[PDB]
Structure formats: C-alpha cells, structure tokens
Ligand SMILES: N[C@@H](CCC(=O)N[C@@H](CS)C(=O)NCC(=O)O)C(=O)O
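Okay, here we've got a single chain as structure tokens, the form solved without this ligand, with questions on binding and movement later.
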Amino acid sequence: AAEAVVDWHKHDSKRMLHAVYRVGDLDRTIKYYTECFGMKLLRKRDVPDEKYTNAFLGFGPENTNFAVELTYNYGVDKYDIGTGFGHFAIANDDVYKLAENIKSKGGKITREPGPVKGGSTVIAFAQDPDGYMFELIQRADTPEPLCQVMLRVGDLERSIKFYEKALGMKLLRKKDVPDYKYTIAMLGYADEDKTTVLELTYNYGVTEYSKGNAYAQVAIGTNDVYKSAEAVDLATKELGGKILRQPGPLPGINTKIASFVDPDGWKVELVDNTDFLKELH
C-alpha cells in the first residue's frame, strides 16, 4: 500500500497555500508589505478568545495565489528567527526600481540590485521589520510573484525524498555550487517560474539549524487530509519527521487539517482545499 501513496499524489490536486509566521506589530508589517513590496491585504481575522490576529497578504486572491499568513499575538513584540529560516522571495519585472522604491518608503535593502555572483539574474534582498529576509528576483513573466519559501536543511537528498514521498512535490531544479559550498533544490507542484517553490538549502558539512520561534509553518491544500496524512505517516517511518496534529476537523471553524514536522523539524499543515475555500467566505 506504498504504491497507493504514489497513486494518491497523482490524483490529488495539492497547492502551496500560505507561509505562517509571527510578527511583533501587525500594522507595521501590513504597511511594509503593501507600500514597500506592493502586496495586497487579502483577509484579516481577529480571534480575541485566543489573543491573536491574522492578516493574509499576497499578490492575488487566496483561491489562486500563495499568501503570507501573519500572526500577531496580543502584547508580544518580538520573536527569534533562528538560523534555519532562509527567506521569502518576490519576483518582479524590474528589481532596480523595486529596490529603489523600498528604500524611498523607508524599507531596508541589505543587498543592492544586480546580477548574482557569476551569473546574470538580477536579485536584491530586503529585510522586513521583524528581520525576515525577502529575496527580490527579476523575472519578466510571473503568474505568482510570491515565489519561494527558502529553508535550510541537514541532508538535501533525504529532504527531497521526504517532500516527494510525503507531499508529492516534484524536484524541479537542483543546483550544486561547490565553489560557494552549497547545494539548492527547488520543490513544488508546477513549473518553477509559474509557482511558489520550496527552496531547500544545504551548506556543506552543516547538519543542524535552530527553528527559532518566528516562522511557524507552511500550509498545503489537499483534496483529502486523511489520505495525505497517511502518505506523510508512511514517509516519516522511512525518512524521519512526525505527525503532530492527526487529521480531522478544527472545532468551531470546522476546517479539516493535519500537521507534521519534516526530518529537520520544519512544520507543515495539510488543509482540505474545499474547507479552505469556504474560510474565504
């Protein structure tokens, strides 16, 4: 029934939904992302009983696009990013202009726009109010500007196989750069230049990174949380990682979810696609 998993991922229609992370000041981050990054505010949810507020931002509606799910915990001003979390990436057809705009609005450019060290893709880096890094990548034809979540991992081949077997992702691109002592793999559900990828980074001889308390998880839509969580459970037995929240409906809001950690301890939430669409209304 391991071949049943292979078959399940074929029939399922999985989608990267949002990255969930915590911010010290909700209005400050909304302002930064709308003014500096050109994002839209898509949805907001205050949950006073649990002392938190969500805001969802991105470049198009949540039913078609990947988003950021900001989490503001009442009173909590500051979080620790840790060494594992890499960056989010924003594709834009004119990165020089974008970086200049960011600076004009009072944002922080940490790496000026220009071709990569040996290459000709124009990139830049910005840093947000809480310290999260945003790669800006110049790309002419982008249907999804919110285009990467980069996370650091201890064993690239283990991770690739985990995301393949647990989550049905495709290895889209793999790039070893022995010169600079790193390897990257782009994983996802559609061509890299049309989708949000998970970019996993291995640094030669580094097996351990801290998870911090700032980045929370990535959420992935699925047509069946039970079948997807079975694929996960099978994958975790072979590769490491663990189910945390068993599949089933959330109380009150009713959305069916499961959650788990991968072999490096990065958290993923599976979300029933239809329940998710219903949350948008």
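Here the rigid core means the biggest group of C-alpha atoms that line up within 1.5 Å when the two forms are laid on top of each other. Residues carry their position along the shown sequence, with the first being 1.
In this entry, 251-259 shows the higher mean Cα temperature factor of the pair 33-41 and 251-259.
On average the C-alpha atoms of 176-184 have higher B-factors than those of the other stretch, with 130-138 and 176-184 being the two compared. Of the candidates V68, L239, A219, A214, the deposited coordinates give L239 the top C-alpha B factor.
Among the modelled residues of its chain, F85 has a C-alpha B-factor that falls in the lowest third, as given in the PDB entry. Sort the modelled residues of the chain by CA B factor and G60 lands in the lowest third. Placement of the Cα temperature factor of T201 within the chain: middle third of the modelled residues, per the deposited record. When the CA B factors of the chain's modelled residues are split into thirds, the value for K267 lands in the lowest one. Sort the chain's modelled residues by C-alpha temperature factor and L280 lands in the middle third, per the entry.
Not on display, but discussed next: the form deposited with this ligand bound.
Every residue in the set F125, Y182 and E199 has a non-hydrogen atom no more than 4.5 Å from this ligand in the deposited complex. When contacts are judged by a 4.5 Å heavy atom cut-off, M150 counts as touching this ligand in the deposited complex. The closest heavy atom approach of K161 to this ligand in the deposited complex falls outside 4.5 Å.
For the chain shown alone, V116 is a contact residue for this ligand in the deposited complex, at least one non-hydrogen atom being within 4.5 angstroms. Among residues of the shown chain, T142 is not one whose heavy atoms approach this ligand to within 4.5 Å in the deposited complex.
Residue heavy atoms within 4.5 Å of this ligand in the deposited complex occur in exactly one stretch of 116-124, 92-100, 70-78, 188-196, and that stretch is 116-124. The contact with this ligand in the deposited complex, taken as any heavy atom within 4.5 Å, belongs to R111 out of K108, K165, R111, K170. Among the candidates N213, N254, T64, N223, the CA atom that moves 2 angstroms or more between this form and the one not shown after core superposition belongs to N254 alone.
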